[PDB]
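Asker:
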Amino acid sequence: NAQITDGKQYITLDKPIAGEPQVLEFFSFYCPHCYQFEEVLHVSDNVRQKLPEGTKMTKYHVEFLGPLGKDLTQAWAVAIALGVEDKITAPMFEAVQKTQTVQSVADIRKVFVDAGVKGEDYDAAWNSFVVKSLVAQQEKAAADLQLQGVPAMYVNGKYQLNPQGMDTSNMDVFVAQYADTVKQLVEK
Numbered sequence: 000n001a002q003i004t005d006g007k008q009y010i011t012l013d014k015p016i017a018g019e020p021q022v023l024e025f026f027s028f029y030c031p032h033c034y035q036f037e038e039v040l041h042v043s044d045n046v047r048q049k050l051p052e053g054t055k056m057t058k059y060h061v062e063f064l065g066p067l068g069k070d071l072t073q074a075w076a077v078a079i080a081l082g083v084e085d086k087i088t089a090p091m092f093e094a095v096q097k098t099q100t101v102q103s104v105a106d107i108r109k110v111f112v113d114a115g116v117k118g119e120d121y122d123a124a125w126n127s128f129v130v131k132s133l134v135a136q137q138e139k140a141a142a143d144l145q146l147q148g149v150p151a152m153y154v155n156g157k158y159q160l161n162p163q164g165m166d167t168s169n170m171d172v173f174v175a176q177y178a179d180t181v182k183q184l185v186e187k
């Protein structure tokens with residue numbers, strides 16, 4: 000059956016925020032731990048797979064890491080606005096961290112284009128009011144929730160996941176524990 004505990008597998012915010020997405024992840028394409036999180040452990044997908052139906056997995060990008068943090072945050076806004084997150088996430092992590100072929104803003108676009116995204120759509124999205132507000136929203140969320148680092152996950156703007164208090168002696172275990180903790184938090 001299982002049961003989680005405040006202070007252990009999660010922590011409760013002293014200043015919860017209303018109106019946030021139910022399951023909100025922060026990440027950076029630059030961060031090695033975010034790479035492991037997303038591309039090796041596939042934490043988020045495991046979480047999403049245990050999520051009570053009707054509940055969506057939301058991910059925001061952060062600007063405070065790396066030389067292109069701001070522009071990658073805007074590119075992620077485009078990915079959201081175009082609905083191409085699933086086509087882009089793996090290529091970008093590889094291009095940024097592994098092949099290290101993302102050195103400029105133009106190189107970001109190439110990842111989208113190479114991934115199947117029409118350049119005309121990318122360009123339209125990039126300069127849209129829509130994307131401009133998505134950027135603002137990503138920035139605002141991290142501030143409101145008092146983000147200290149990535150990766151990070153918050154549930155109902157009230158609980159923060161705390162992997163340090165999980166069992167990290169085995170990764171298959173840890174992932175299952177992370178997924179279940181989120182599930183329990185959303186049913187709460």
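If you read the sequence shown in the authors' numbering, its first letter stands for residue 0, the second for the next number, and so on.
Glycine residues also receive a C-beta, built at the ideal position from the N, C-alpha and C atoms.
#1: Mind reading off the beta-carbon distance from residue 152 to residue 24? Whole number of angstroms is fine, and I expect it under 8 Å.
#2: Could you compute how far the alpha carbon of residue 68 sits from the alpha carbon of residue 129?
#3: How many Å lie between residue 145 and residue 60 at the Cα?
#4: Considering only DSSP beta bridges, list what residue 32 is partnered with.
#5: For residue 24, which beta-bridge partners are listed by DSSP?
#6: Taking only the alpha-carbon atoms, compute the straight-line gap between residue 34 and residue 20 and give it to the nearest angstrom.
#7: Using DSSP with H/G/I as helix, E/B as strand and the rest coil, what is residue 16?
#8: Measuring CA to CA, which of 174, 77, 113 is closest to residue 93?
#9: Could you tell me if residue 163 is buried or exposed, where buried requires 16 or more neighbouring beta carbons within 10 angstroms of its beta carbon?
#10: Could you tell me the alpha carbon to alpha carbon distance between residue 149 and residue 108, rounded to whole angstroms?
#11: Ends of the beta strand (DSSP E) at residue 81?
#12: Over what stretch of residues does the alpha helix (DSSP H) that includes residue 87 continue unbroken?
#13: For residue 9, write down the residues that DSSP places opposite it in a beta bridge.
#14: Exposed or buried, residue 187, counting other C-beta atoms within 10 Å across all chains shown (16 or more means buried)?
#15: Helix, strand or coil for residue 184? Go by DSSP, reduced to three states.
Answerer: The structure says:
#1: 5 Å
#2: 19 Å
#3: 15 Å
#4: Residue 32 pairs with nothing; no bridge assigned.
#5: 58, 152
#6: Going from the Cα of residue 34 to the Cα of residue 20 covers about 23 Å.
#7: Taken through DSSP and simplified to helix, strand or coil, residue 16 comes out as coil.
#8: Answer by Cα proximity: 113.
#9: exposed
#10: Taking the straight line from one Cα to the other gives about 24 Å.
#11: Premise fails: residue 81 lies in the alpha helix (DSSP H), 68-81, not in any beta strand (DSSP E).
#12: Element bounds for residue 87: 84-92.
#13: 5, 160
#14: exposed
#15: Residue state, collapsed to three classes: helix.
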